[PDB]
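One chain is shown next in structure tokens, namely the form deposited without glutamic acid.
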């Protein structure tokens, strides 16, 4: 009697629960009715609300009928088994943390969005969503895709083959300039140099039209079929300006850094496409949550990413993610991130939640100000630093305990 136990808990020992009393109780687990895992249960309460134009409260049988298929989720949500149990106040802090971070004036956009925008969207490894501010506005990943594509190539080619072509370390702050390492390979897949070679490994032999759908599919599964778009616009402008990536390409060609059969100039076309893929904070925190969640999309429970692919990517998101800010960043926030010149910080606090912070203004290394100050405050407030202690964490509050 799983459904049975759940009814008594929500229905205050009386005749029944009314309609919104269920859903306001359901919207308090931070779950969202449009969760794909709740599709059935929501379908069927459309059916039973349509039994009368007068009511209706629900009997224990009427209740149990709808939540039949989804009580596994509804129990964990209502007996507060979700990775952040009091999700209700945990959002009231993120609210504050959005608010104080909204007060951060500085930063320059790339050069054409409005520097007013600012939207952070949580998505817990369990599905609990929260968002405040402008989380519905689509934007491009740009270099936020290098992890995602890097994932895809290790997901399909394995680590050994891939790093036969790209390094694994960071190169430091004086050689954010060099292309190849001592062995005539770019140093890691997070710098455009290694990214160009990675792009040259995704689906060799197939043509550039088929190649691109293969990652759009992949990029869709990672966001639980929430909004991933494409901007032809930033695509064409991203190759007309891509003189540096051409440079890299030609130098990769000369010293033979692509697989034997690569039409180098096409691979750059493909690279440039990949950067112009669109997302919203909402759709992109599910992508981050997928990395948070070992490779499984938190709101569809589908496997998208092999764990090697997801480990390797958070590993290099750590070392190599925030450009030259990586060192200081891996230090104070210590959360595998990936910045993007569009302003996206594809934050991940693994085994908890995925974030996407979007506010377009950047800093001198290429990281959203508000994006960066938000993590800082976040780590300050909650024991999320990769090497915080989960037990003796002193003045920090944990949202995984009660």
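Positions refer to the first chain, counted from 1.
On average the C-alpha atoms of 17-25 have higher B-factors than those of the other stretch, with 378-386 and 17-25 being the two compared. When the mean C-alpha temperature factors of 318-326 and 168-176 are read from the deposited coordinates, 168-176 comes out higher. Ranking 111, 282, 278, 86 by the C-alpha B-factor listed in the PDB entry places 111 at the top.
Compared with the other modelled residues of the chain, the Cα B-factor recorded for residue 42 ranks in the middle third. When the CA B factors of the chain's modelled residues are split into thirds, the value for residue 296 lands in the lowest one. Residue-level temperature factors show residue 360 in the middle third of its chain, judged at the C-alpha atom.
Ranked within its chain, residue 127 lands in the middle third, by CA B factor from the PDB record. In the deposited entry, the Cα temperature factor of residue 200 places it in the middle third of its chain's modelled residues.
The same protein also exists as the form deposited with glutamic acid bound; that form is not shown, yet it is the one meant from here on.
Although the partner is absent here, residue 90 is not a contact residue: none of its heavy atoms lies within 4.5 angstroms of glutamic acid in the bound PDB entry. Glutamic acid is not drawn, but in the bound PDB entry it has no heavy atom within 4.5 Å of residue 84. When contacts are judged by a 4.5 Å heavy atom cut-off, residue 329 does not count as touching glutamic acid in the bound PDB entry. In the bound PDB entry, residue 143 approaches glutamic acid with a heavy atom inside 4.5 Å.
Scanning 42, 26, 341, 352 against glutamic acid in the bound PDB entry with a 4.5 Å heavy atom cut-off leaves one residue, 341. The partner is absent here; in the bound PDB entry, the one residue of 134, 278, 226, 238 having a heavy atom within 4.5 Å of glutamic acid is 238. Checking 122-130, 290-298, 238-246, 213-221 against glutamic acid in the bound PDB entry, the stretch whose residues place heavy atoms within 4.5 Å of it is 238-246.
For the partner-free chain shown, just 192 of 192-207 comes within 4.5 angstroms of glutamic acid in the bound PDB entry, judged by any non-hydrogen atom.
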